[PDB]
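Peer 1: Please see the structure below; I have some questions.
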Amino acid sequence: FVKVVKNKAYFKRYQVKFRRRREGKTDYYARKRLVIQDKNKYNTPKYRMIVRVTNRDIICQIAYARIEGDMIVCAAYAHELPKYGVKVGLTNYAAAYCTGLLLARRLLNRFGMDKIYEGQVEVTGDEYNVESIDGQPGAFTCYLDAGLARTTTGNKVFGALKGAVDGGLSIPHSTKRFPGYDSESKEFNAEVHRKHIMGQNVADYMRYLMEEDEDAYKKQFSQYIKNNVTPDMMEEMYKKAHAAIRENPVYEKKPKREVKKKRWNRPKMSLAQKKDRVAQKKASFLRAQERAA
Amino acid sequence: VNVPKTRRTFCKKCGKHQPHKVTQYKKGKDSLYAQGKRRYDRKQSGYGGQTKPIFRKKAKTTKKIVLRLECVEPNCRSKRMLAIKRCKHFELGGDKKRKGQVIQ
Amino acid sequence: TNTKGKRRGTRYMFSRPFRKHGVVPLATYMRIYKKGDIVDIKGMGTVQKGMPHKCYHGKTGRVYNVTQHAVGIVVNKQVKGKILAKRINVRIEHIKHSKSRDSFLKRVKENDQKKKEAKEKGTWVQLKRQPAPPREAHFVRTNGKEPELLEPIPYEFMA
Amino acid sequence: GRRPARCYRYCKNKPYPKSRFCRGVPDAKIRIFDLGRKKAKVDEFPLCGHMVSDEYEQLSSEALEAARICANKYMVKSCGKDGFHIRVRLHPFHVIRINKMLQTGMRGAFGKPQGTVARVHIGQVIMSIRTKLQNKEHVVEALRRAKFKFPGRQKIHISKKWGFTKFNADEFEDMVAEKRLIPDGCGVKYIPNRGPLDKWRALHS
RNA sequence: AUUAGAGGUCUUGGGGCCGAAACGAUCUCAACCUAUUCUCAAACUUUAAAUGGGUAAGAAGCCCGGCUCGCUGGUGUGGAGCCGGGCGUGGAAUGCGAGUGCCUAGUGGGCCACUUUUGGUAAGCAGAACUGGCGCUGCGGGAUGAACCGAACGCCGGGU
RNA sequence: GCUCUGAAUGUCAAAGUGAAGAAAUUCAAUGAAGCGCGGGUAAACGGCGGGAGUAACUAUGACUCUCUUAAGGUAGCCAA
RNA sequence: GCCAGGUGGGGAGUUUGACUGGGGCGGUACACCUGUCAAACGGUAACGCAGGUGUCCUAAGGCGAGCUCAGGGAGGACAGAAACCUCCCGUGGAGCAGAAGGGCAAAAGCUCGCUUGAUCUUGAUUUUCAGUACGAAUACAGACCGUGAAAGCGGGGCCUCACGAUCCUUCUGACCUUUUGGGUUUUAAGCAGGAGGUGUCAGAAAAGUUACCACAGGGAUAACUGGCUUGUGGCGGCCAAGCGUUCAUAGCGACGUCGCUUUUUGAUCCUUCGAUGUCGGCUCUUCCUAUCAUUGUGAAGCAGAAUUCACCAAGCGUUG
RNA sequence: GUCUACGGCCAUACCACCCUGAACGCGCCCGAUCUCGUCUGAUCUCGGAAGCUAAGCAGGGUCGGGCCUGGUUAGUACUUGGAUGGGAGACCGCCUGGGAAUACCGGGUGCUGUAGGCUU
RNA sequence: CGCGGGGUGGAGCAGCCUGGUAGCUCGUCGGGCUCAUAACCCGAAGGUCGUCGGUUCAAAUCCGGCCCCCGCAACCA
RNA sequence: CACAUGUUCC
RNA sequence: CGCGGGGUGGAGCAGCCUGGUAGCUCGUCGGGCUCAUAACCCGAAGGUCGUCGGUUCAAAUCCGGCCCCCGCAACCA
């Protein structure tokens with residue numbers, strides 16, 4: 001046979017990795033470079049923009065590191081958009097730009113920096129940077145926290161980032177990864193980025209499926225027909241959605257209703273039962289052994 | 001070891017990083033009218049034989065390779081020395097080795 | 001004789017403990033250090049840069065200079081019948097906040113508390129730590145039972 | 001030949017075993033540690049005798065080899081060829097050094113490996129014999145003939161353990177009664193009450 | 001590093017055996033695997049002392065109030081530095097006056113002992129650790145004695 | 001080691017020669033003996049091999065093979 | 001006559017390391033590095049132990065991304081023990097230039113892409129330490145750059161080793177200072193930074209011999225006794241497998257083990273180098289017994305003879 | 001009661017197998033026009049929502065392995081200090097203090113910070 | 001360190017000069033020959049002309065630098 | 001140009 | 001004892017220094033020539049580099065122990 005690999009000695013020596021590494025959720029090689037502060041700053045917080053993409057949502061949080069666990073200062077989700085103006089398609093590139101805008105505007109409104117630091121109202125898609133204003137409070141600064149997502153050109157972690165810098169945050173970045181940076185000749189094209197921010201690439205997919213095949217269109221964009229989103233109102237939808245965020249980005253928590261205090265979960269067993277299950281098991285073995293003999 | 005025949009480094013005269021040409025440094029011909037040479041010959045002239053120590057216990061089987069940089073800007077024209085650690089074999093701009101290719 | 005290598009004889013001094021190799025926890029970095037903190041040194045092998053020498057692994061000192069990834073410590077080193085207060089630069093990874101001081105800082109709180117409090121009461125309460133005294137005279141109840149008698153056992157050759 | 005055993009008698013140096021550093025060590029003269037009817041179960045040889053040491057000295061591999069034969073030979077005549085089983089419970093692992101002289105004197109006198117020796121503590125078993133209980137005096141004479149092959153003094157004790165087990169003879173059968181000890185040939189496997197339950201079903205069937 | 005049987009399977013095989021021939025079968029003998037079992041490690045180790053090494057046990061400390069900064073910044077934020085004001089039951093035990101600067105001789109062959117300890121068969125041998133001795137030192141004791149035990153010395157009387 | 005030979009000659013000093021240079025100076029050419037090259041010489045100093053195989057029984061090895069150096073100790077003589 | 005080159009032990013001057021169980025021979029313990037010794041801080045010796053070094057690297061340096069290794073199992077045309085392909089298991093059992101130790105798994109490894117932080121310049125500090133250097137190293141700071149979306153990271157190699165003063169030479173550095181009464185121009189000297197090296201590695205320029213020898217010394221140091229030790233040599237016990245036809249012990253006695261002795265040689269260097277006359281033989285005395293003979297005896301495989309073994313015993317002998 | 005995002009501590013959190021998962025959520029899953037990247041839309045990137053808890057995941061179970069924490073081993077081992085103690089030595093005993101580790105036998109099997117849901 | 005001359009078919013060597021032409025001898029191989037190894041003869045296979053660069057209508061050739069060897073001459077860290 | 005040798009009862 | 005070199009078809013030697021990939025003479029064997037043998041001619045076989053384990057893409061070669069053989073040295077009293 002073979003020498004058993006996972007033997008008793010193998011477990012006696014085994015050293016597990018960190019919990020958030022055992023699940024594939026944190027890059028501690030990159031987290032260490034992201035969240036720690038230089039020691040001559042002394043609790044000067046290092047804010048980072050935690051942008052996370054899921055299957056059906058986009059989570060954009062801002063946080064600074066703390067020894068008891070890094071603390072969320074402000075958050076925003078994708079599913080907060082149907083409140084404002086975005087019915088369906090809450091995971092595309094245009095959804096990310098909204099959530100980054102909704103995060104940025106909500107934060108400065110919480111720091112009283114709404115009336116200053118407007119940012120980029122008319123969305124263009126080129127390099128914008130909010131320089132601080134003298135006398136007035138300095139601009140907020142944070143860093144992107146990509147995570148385990150491969151940061152290729154056009155990745156939606158850069159889409160929400162664009163929504164934030166237009167909101168007024170001074171996030172250091174560049175235009176190498178935006179959707180519209182030419183790879184071969186190495187220059188940016190602001191017009192092409194404007195398309196994806198306003199969702200035009202989806203319209204040119206839905207307009208592509210009018211002359212090609214309706215069946216796949218009635219299967220690819222099902223909720224888009226359920227909400228009547230034709231390729232004609234898409235740019236003016238997000239453009240309206242951008243205004244409806246820059247005028248009231250406050251969050252309103254749902255009412256915490258009184259719970260009925262029950263249990264779906266399964267409760268753990270006491271020792272007295274475990275020690276008596278085996279006493280029933282052992283008894284039921286021998287009493288079934290005397291029958292057949 | 002292998003160094004490229006060109007390098008982009010800090011130019012003292014032009015004050016920033018700039019491409020430099022890289023060649024090896026060679027001992028100039030010892031002048032016959034330096035101070036130490038004129039002093040030495042005035043000591044050897046006449047009797048008494050050899051008057052200064054001649055080193056004989058050579059122990060180091062190498063040198064320190066020096067590189068003579070040259071700024072290739074049409075107006076800079078500054079050279080400066082730069083040294084590397086001891087090595088026996090040394091060539092300028094040797095063919096760049098490849099990764100994972102058949103050897104025979 | 002011996003060699004004067006920097007790490008001569010540090011086979012177990014800088015080795016990571018059992019089942020604790022690998023990436024270091026991040027609270028070892030996000031722990032702050034002001035000037036003049038009682039700080040002790042414990043060299044960590046995983047971070048090669050900024051390591052102290054082996055003569056300070058265990059020694060405790062105070063901080064006098066704080067840089068990005070390092071602190072300067074004023075530690076005492078005995079060298080052949082004299083002590084030297086020498087300054088060393090160590091990275092944060094080889095550094096802990098020494099708790100050999102705060103239990104006195106805790107004692108300062110109650111000493112400042114019990115001096116302001118009970119002053120309006122007009123009473124005088126003890127403040128200094130007195131060493132463990134001899135215990136006072138007391139009784140021992142031996143209700144009902146009698147003390148069991150002990151006896152040295154005989155010898156049984158166990159091998 | 002080799003030096004007298006008076007020379008390498010005390011546990012003088014640190015344990016210096018044959019390793020990556022001490023190479024070129026001759027094979028130990030003792031090679032066969034177990035002999036007799038070693039393929040015998042645990043329930044026919046209940047008696048076990050010991051030769052426990054009483055000094056902190058070094059026993060050579062030749063004394064271990066010599067005493068083995070003399071105890072083996074006497075047990076052959078006494079208890080047949082298969083009425084016993086002998087374990088030498090000391091394995092020679094310490095290497096002794098010889099400073100062979102050819103004139104150099106003591107310049108650079110780190111010796112060459114001479115032979116192998118066995119270090120033994122006080123109260124430690126040297127060589128033990130299991131056999132039938134009625135052959136009690138046969139063993140206590142056999143080990144007595146083995147004491148003259150070793151330096152210094154050592155006691156001869158009859159253990160209370162059943163055979164070569166670590167379980168006391170009085171508790172042995174009652175543990176085999178409630179199936180606490182499963183005879184594994186020359187030894188016996190101790191079954192606790194902690195494993196998975198299905199193997200408890202196995203032994204009770 | 002190392003001893004011994006056990007239980008496994010054809011997991012490969014050594015000659016085998018009715019088998020042409022078959023993991024079909026045969027007792028096997030081997031390794032291989034799984035529970036056990038004997039013995040070890042100055043240059044192995046999960047564990048892990050005793051002795052030991054730092055540091056702390058206040059006034060240079062605490063706690064208020066306010067300035068300065070080109071450093072640090074969402075934020076008179078952060079930190080550092082300044083002022084000003086207020087608090088002595090002196091914040092473990094014991095002992096003892098300390099600090100400090102010049103000039104400087106001799107020395108730089110050492111040796112012995114308890115314990116730890118390397119080489120050596122060992123040595124009144126060679127080489128180290130710690131402390132005390134001898135050297136530089138008499139005295140009482142060990143008959144005798146550089147070092148052991150006691151005890152260290154101005155000149156005397158009494159006592160012990 | 002010693003000796004003989006040579007513009008048929010590679011190297012080499014002072015000096016002279018030529019050129020450049022304001023000049024010190026530099027450079028180039030030429031450039032003796034000696035060395036290198038080539039002969040002679042041991043009654044010059046000195047030196048003068050190794051391994052296998054093989055004859056009517058054995059032993060032995062006249063012969064043979066091989067590796068080898070400038071030569072491989074010949075005539076003689078010997079536990080002097 | 002004066003210069004130049006050759007030759008020149010004919011002659012002159014001088015040198016011919018240190019460590020060291022005496023010196024020589026041999027080593028390098030002489031400059032460094034890892035483990036151990038080393039007695040749980042650090043420090044710690046020996047010609048103690050096991051090793052290593054006088055390098056190699058335009059990437060084996062610098063970033064970033066993507067990856068997962070060793071080995072094993074099961075599969076798959078030729079294809080097999082071993083080619084390639086796929087799945088599974090895989091805490092490192094691989095790899096990271098080298099010695100060893102430490103460290104390392106979305107990396108410090110492997111593979112790609114872009115690069116020169118292996119650059120320029122002040123100090124402070126650490127290591128050895130006298131708390132001097134050199135080397136090496138750590139924290140910064142001021143520049144100029146690389147990479148990355150960015151935070152960041154990088155002023156060579158994941159860390160512990162891979163190296164060198166004054167004087168001289170050489171090269172680079174500046175609209176540099178001096179070249180002497182002033183100016184110009186060469187030249188030369190300065191200032192700064194590299195390099196040419198001292199391995200006896202804090203750094204002389206160095207072959208022998210002395211039996212023809214000299215001097216200063218040394219018992220710090222050998223050759224002789226004497227001491228301690230007894231490996232070795234010699235001598236003697238214990239156990240008793242066997243030999244002894246039979247029979248362990250009349251006589252022997254393997255494998256082991258315990259001593260003794262200083263008539264062997266060693267080891268050591270304590271005493272003697274302002275000298276203790278260093279081989280034998282001859283001569284002559286006394287002593288020791290581990291007894292060859294002789295006196296008295298025990299035991300034999302003692303029939304007698306002869307010969308063994310053991311005891312009391314050194315009185316008397318032990319030759320040409 | 002519980003989940004997601006970001007975490008702290010880094011196995012009481014791991015590993016093996018089995019069971020059950022309301023709601024939201026996380027996922028799986030459907031596609032490749034655009035962005036981007038492969039031998040291959042498997043991965044990476046992107047556009048979605050027909051299906052599904054089968055898995056991942058969560059809770060639970062195992063006389064479970066491991067781990068954690070006690071008992072025991074044991075005042076044993078060893079050790080500071082002391083003696084004109086023992087012993088031919090090797091080493092041991094006592095005085096004065098400190099004091100371990102396997103086997104073996106138990107108990108335990110994640111806590112928790114910030115923000116946001118779900119159970120309304 | 002300075003000067004000189006060497007480097008080239010597989011070994012050796014020519015040709016470098018006063019530039020467009022890379023050949024000879026030995027050795028491997030086919031043929032013809034001889035009783036025959038041979039001798040002799042023919043044919044084919046055999047050359048980054050040590051390495052780079054400059055320059056030419058053309059360089060193994062000319063010019064600079066590097067590498068190896070040989071000869072002589074040099075010799076203050 | 002070179003070529004050594006010999007098995008014998010009848 | 002320390003140190004130095006050596007071990008390669010049946011025999012005697014290269015190759016080793018400087019890593020790939022194994023030779024030289026002789027001998028053996030077969031066929032021919034001759035009446036025959038030797039010589040001679042043609043053709044073949046024969047070791048995988050003392051042994052074992054390492055370094056390296058690759059080791060007769062480099063490195064380590066072991067085994068055999070040989071040499072030098074081992075001096076001053």
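The way I read the labels, and the way they are meant: chains A, B, ... in the order of the structure tokens, residue 1 as the first residue of every chain, and ligand 1 as the first ligand shown, with later ones counted on from there.
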If you count only C-alpha atoms (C1' of nucleotides), which residues fall within 10 Å of residue K:30, apart from same-chain ones fewer than 4 positions away, as an MDAnalysis selection string?
Peer 2: chainID K and resid 43:45
Peer 1: Please run DSSP on the backbone and report, as JSON, numbers by chain, all residues within chain C that come out as alpha helix (DSSP H).
Peer 2: {"C": [102, 103, 104, 105, 106, 107, 108, 109, 110, 111, 112, 113, 114, 115, 116]}
Peer 1: Only N, CA and C atoms, please: the residues just picked out, written as a CSV table (one decimal), in the first residue's frame.
Peer 2:
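Result file is result08.csv:
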chain,number,residue,atom,x,y,z
C,102,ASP,N,2.9,49.2,33.9
C,102,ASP,CA,1.5,49.7,34.0
C,102,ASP,C,0.9,49.3,35.4
C,103,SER,N,1.3,48.2,35.9
C,103,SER,CA,0.8,47.8,37.2
C,103,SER,C,1.2,48.8,38.3
C,104,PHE,N,2.3,49.5,38.1
C,104,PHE,CA,2.6,50.7,38.9
C,104,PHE,C,1.7,51.9,38.5
C,105,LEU,N,1.5,52.0,37.2
C,105,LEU,CA,0.5,53.1,36.8
C,105,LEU,C,-0.9,52.8,37.3
C,106,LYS,N,-1.3,51.6,37.4
C,106,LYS,CA,-2.5,51.3,38.0
C,106,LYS,C,-2.5,51.6,39.5
C,107,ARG,N,-1.4,51.4,40.2
C,107,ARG,CA,-1.3,51.7,41.6
C,107,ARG,C,-1.3,53.2,41.8
C,108,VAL,N,-0.8,54.0,40.8
C,108,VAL,CA,-0.9,55.4,40.9
C,108,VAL,C,-2.3,55.9,40.9
C,109,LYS,N,-3.2,55.2,40.1
C,109,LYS,CA,-4.6,55.7,40.0
C,109,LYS,C,-5.3,55.6,41.4
C,110,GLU,N,-5.2,54.4,42.0
C,110,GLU,CA,-5.8,54.3,43.3
C,110,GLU,C,-5.2,55.1,44.4
C,111,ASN,N,-3.8,55.3,44.3
C,111,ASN,CA,-3.2,56.2,45.2
C,111,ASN,C,-3.6,57.6,45.1
C,112,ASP,N,-3.9,58.1,43.8
C,112,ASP,CA,-4.5,59.4,43.6
C,112,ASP,C,-6.0,59.3,43.9
C,113,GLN,N,-6.6,58.2,43.8
C,113,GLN,CA,-8.0,58.1,44.1
C,113,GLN,C,-8.2,58.0,45.6
C,114,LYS,N,-7.5,57.2,46.4
C,114,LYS,CA,-7.7,57.1,47.8
C,114,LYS,C,-7.1,58.3,48.5
C,115,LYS,N,-6.3,59.1,47.9
C,115,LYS,CA,-5.9,60.4,48.5
C,115,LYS,C,-6.9,61.5,48.5
C,116,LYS,N,-7.5,61.6,47.3
C,116,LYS,CA,-8.6,62.6,47.2
C,116,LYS,C,-9.9,62.0,47.9
Peer 1: Near chain C, which residues of chain D fall within 7 Å when you count only C-alpha atoms, and what do they look like as a PDB file with N, CA and C atoms, in the first residue's frame?
Peer 2:
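Saved to part.pdb:
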ATOM      1  N   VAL D  52      18.326  -5.888  37.264  1.00  0.00           N
ATOM      2  CA  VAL D  52      18.335  -4.442  37.386  1.00  0.00           C
ATOM      3  C   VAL D  52      19.712  -3.987  37.841  1.00  0.00           C
ATOM      4  N   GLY D 123      18.996   1.204  38.901  1.00  0.00           N
ATOM      5  CA  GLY D 123      17.637   0.711  38.919  1.00  0.00           C
ATOM      6  C   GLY D 123      17.056   0.442  37.558  1.00  0.00           C
ATOM      7  N   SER D 159       9.943  -9.368  38.541  1.00  0.00           N
ATOM      8  CA  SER D 159       8.916  -8.347  38.431  1.00  0.00           C
ATOM      9  C   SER D 159       7.551  -8.899  38.818  1.00  0.00           C
TER      10      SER D 159
END
Peer 1: Counting only C-alpha atoms (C1' of nucleotides), which residue out of G:121, G:257, G:36, G:265 sits closest to chain D?
Peer 2: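 For chain D, the nearest of the given residues is G:257.
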Peer 1: Quick one: distance from atom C1' of residue E:56 to atom CA of residue C:83 in Å, one decimal?
Peer 2: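 Separation between atom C1' of residue E:56 and atom CA of residue C:83: 18.2 Å.
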Peer 1: Could you give me, as an NGL selection string, each residue of chain D that DSSP assigns to strand (DSSP E) when run on this structure's backbone?
Peer 2: :D and (34-36 or 47-53 or 57-60 or 84-88 or 94-98 or 112-120 or 127-131 or 154-158 or 181-184 or 187-190)
Peer 1: Take the residues just selected and output them with N, CA and C atoms as a compact mmCIF listing (two decimals), in the first residue's frame.
Peer 2:
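Writing done, so here's result-v2.txt:
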# COMPACT_ATOMS: atom_id res chain seq x y z
N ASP D 34 17.16 -10.52 20.93
CA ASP D 34 16.12 -11.40 21.41
C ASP D 34 16.38 -12.82 20.93
N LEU D 35 16.10 -13.79 21.79
CA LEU D 35 16.34 -15.18 21.46
C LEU D 35 15.47 -16.06 22.36
N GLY D 36 15.56 -17.36 22.14
CA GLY D 36 14.59 -18.26 22.71
C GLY D 36 13.34 -18.28 21.86
N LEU D 47 5.77 -15.62 34.21
CA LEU D 47 6.87 -15.18 35.05
C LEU D 47 7.85 -14.33 34.26
N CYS D 48 8.38 -13.29 34.89
CA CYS D 48 9.38 -12.44 34.27
C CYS D 48 10.42 -12.05 35.30
N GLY D 49 11.69 -12.25 34.97
CA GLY D 49 12.79 -11.93 35.85
C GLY D 49 13.63 -10.81 35.27
N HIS D 50 14.24 -10.02 36.14
CA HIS D 50 15.01 -8.85 35.75
C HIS D 50 16.42 -8.94 36.29
N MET D 51 17.34 -8.27 35.60
CA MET D 51 18.67 -7.99 36.13
C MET D 51 18.78 -6.47 36.16
N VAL D 52 18.33 -5.89 37.26
CA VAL D 52 18.33 -4.44 37.39
C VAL D 52 19.71 -3.99 37.84
N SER D 53 20.19 -2.90 37.26
CA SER D 53 21.52 -2.43 37.62
C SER D 53 21.46 -1.60 38.89
N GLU D 57 27.30 3.14 35.35
CA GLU D 57 28.53 2.83 34.63
C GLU D 57 28.23 2.48 33.18
N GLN D 58 29.26 2.15 32.42
CA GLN D 58 29.13 1.78 31.02
C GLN D 58 29.40 0.29 30.86
N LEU D 59 28.47 -0.41 30.23
CA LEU D 59 28.62 -1.83 29.91
C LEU D 59 28.97 -1.96 28.44
N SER D 60 30.05 -2.67 28.16
CA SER D 60 30.52 -2.82 26.79
C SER D 60 29.57 -3.68 25.97
N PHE D 84 11.45 -20.60 27.28
CA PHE D 84 11.78 -19.28 27.79
C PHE D 84 11.89 -18.31 26.62
N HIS D 85 12.28 -17.08 26.93
CA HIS D 85 12.45 -16.03 25.94
C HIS D 85 13.26 -14.93 26.60
N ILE D 86 14.33 -14.47 25.94
CA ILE D 86 15.30 -13.57 26.55
C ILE D 86 15.39 -12.28 25.75
N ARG D 87 15.22 -11.15 26.44
CA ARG D 87 15.39 -9.83 25.86
C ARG D 87 16.56 -9.14 26.53
N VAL D 88 17.52 -8.69 25.74
CA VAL D 88 18.53 -7.78 26.23
C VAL D 88 17.97 -6.37 26.05
N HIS D 94 26.49 4.36 22.65
CA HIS D 94 27.58 5.28 22.92
C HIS D 94 28.86 4.72 22.30
N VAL D 95 29.58 5.55 21.59
CA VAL D 95 30.83 5.14 20.96
C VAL D 95 31.99 5.60 21.82
N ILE D 96 32.91 4.70 22.10
CA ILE D 96 34.09 5.03 22.88
C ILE D 96 35.25 5.29 21.94
N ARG D 97 36.21 6.07 22.41
CA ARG D 97 37.31 6.54 21.58
C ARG D 97 38.63 5.94 22.05
N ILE D 98 39.54 5.73 21.10
CA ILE D 98 40.86 5.19 21.36
C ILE D 98 41.90 6.15 20.82
N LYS D 112 40.15 8.02 17.82
CA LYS D 112 39.43 7.26 16.83
C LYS D 112 38.37 6.41 17.51
N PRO D 113 37.27 6.11 16.85
CA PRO D 113 36.26 5.25 17.46
C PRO D 113 36.75 3.83 17.67
N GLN D 114 36.79 3.38 18.92
CA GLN D 114 37.27 2.03 19.21
C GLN D 114 36.15 1.00 19.09
N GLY D 115 35.11 1.15 19.90
CA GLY D 115 34.02 0.22 19.91
C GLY D 115 32.77 0.90 20.40
N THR D 116 31.78 0.10 20.75
CA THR D 116 30.52 0.64 21.22
C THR D 116 30.22 0.09 22.61
N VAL D 117 29.57 0.92 23.43
CA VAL D 117 29.36 0.64 24.84
C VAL D 117 27.92 1.03 25.14
N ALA D 118 27.41 0.61 26.28
CA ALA D 118 26.05 0.92 26.67
C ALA D 118 26.03 1.54 28.05
N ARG D 119 25.44 2.73 28.15
CA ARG D 119 25.36 3.44 29.42
C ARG D 119 24.09 3.05 30.15
N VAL D 120 24.20 2.80 31.45
CA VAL D 120 23.08 2.28 32.23
C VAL D 120 22.99 3.04 33.55
N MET D 127 18.61 -7.01 31.32
CA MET D 127 18.26 -8.18 30.53
C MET D 127 17.16 -8.92 31.26
N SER D 128 16.08 -9.22 30.56
CA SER D 128 14.91 -9.78 31.21
C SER D 128 14.48 -11.06 30.52
N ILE D 129 13.89 -11.97 31.29
CA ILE D 129 13.57 -13.32 30.84
C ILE D 129 12.13 -13.63 31.22
N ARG D 130 11.32 -14.02 30.24
CA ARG D 130 9.99 -14.55 30.52
C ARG D 130 9.99 -16.05 30.29
N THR D 131 9.23 -16.76 31.12
CA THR D 131 9.15 -18.21 31.04
C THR D 131 7.95 -18.69 31.85
N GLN D 154 24.90 -5.72 40.45
CA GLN D 154 23.54 -5.49 40.00
C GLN D 154 22.64 -6.52 40.63
N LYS D 155 21.43 -6.10 40.96
CA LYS D 155 20.49 -6.95 41.66
C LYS D 155 19.69 -7.79 40.67
N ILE D 156 19.14 -8.88 41.17
CA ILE D 156 18.28 -9.76 40.39
C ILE D 156 16.90 -9.73 41.02
N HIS D 157 15.92 -9.25 40.27
CA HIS D 157 14.59 -9.03 40.79
C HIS D 157 13.59 -9.72 39.89
N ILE D 158 12.55 -10.29 40.48
CA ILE D 158 11.45 -10.85 39.72
C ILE D 158 10.32 -9.83 39.73
N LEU D 181 -7.55 -6.07 27.44
CA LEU D 181 -6.24 -6.32 26.86
C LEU D 181 -6.39 -7.39 25.79
N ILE D 182 -6.02 -7.05 24.56
CA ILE D 182 -6.20 -7.92 23.41
C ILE D 182 -4.84 -8.48 23.04
N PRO D 183 -4.62 -9.79 23.17
CA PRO D 183 -3.26 -10.34 23.02
C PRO D 183 -2.74 -10.18 21.60
N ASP D 184 -1.71 -9.35 21.46
CA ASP D 184 -1.06 -9.12 20.18
C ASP D 184 0.22 -9.94 20.09
N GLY D 187 3.18 -9.30 22.50
CA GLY D 187 2.67 -8.24 23.34
C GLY D 187 1.16 -8.25 23.42
N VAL D 188 0.57 -7.13 23.80
CA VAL D 188 -0.87 -7.03 24.00
C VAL D 188 -1.30 -5.59 23.81
N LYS D 189 -2.40 -5.40 23.09
CA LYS D 189 -2.90 -4.07 22.77
C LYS D 189 -3.90 -3.63 23.83
N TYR D 190 -3.65 -2.48 24.44
CA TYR D 190 -4.56 -1.95 25.43
C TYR D 190 -5.68 -1.19 24.75
Peer 1: Within 12 Å of chain B, which residues of chain G are there when counting only C-alpha atoms (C1' of nucleotides)? Please give them as JSON, numbers by chain.
Peer 2: {"G": [13, 54, 55, 56, 57, 58, 59, 60, 61, 110, 111, 112, 115, 116, 117, 118, 119, 120, 121, 143, 144, 145, 146, 156, 162, 163, 164, 167, 168, 169, 170, 171, 172, 173, 174, 187, 188, 189, 193, 194, 195, 196, 197, 198, 199, 200, 201, 203, 204, 205, 206]}
Peer 1: For chain K, list the residues within 12 Å of chain B, counting only C-alpha atoms (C1' of nucleotides), and write the list as a PDB file with C-alpha atoms (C1' of nucleotides), in the first residue's frame.
Peer 2:
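Resulting contents of part.pdb:
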ATOM      1  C1'   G K  20      29.502  15.591 -21.886  1.00  0.00           C
ATOM      2  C1'   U K  21      30.193  11.415 -25.929  1.00  0.00           C
ATOM      3  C1'   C K  57      21.138  19.187 -17.638  1.00  0.00           C
ATOM      4  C1'   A K  58      25.373  15.746 -18.344  1.00  0.00           C
TER       5        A K  58
END
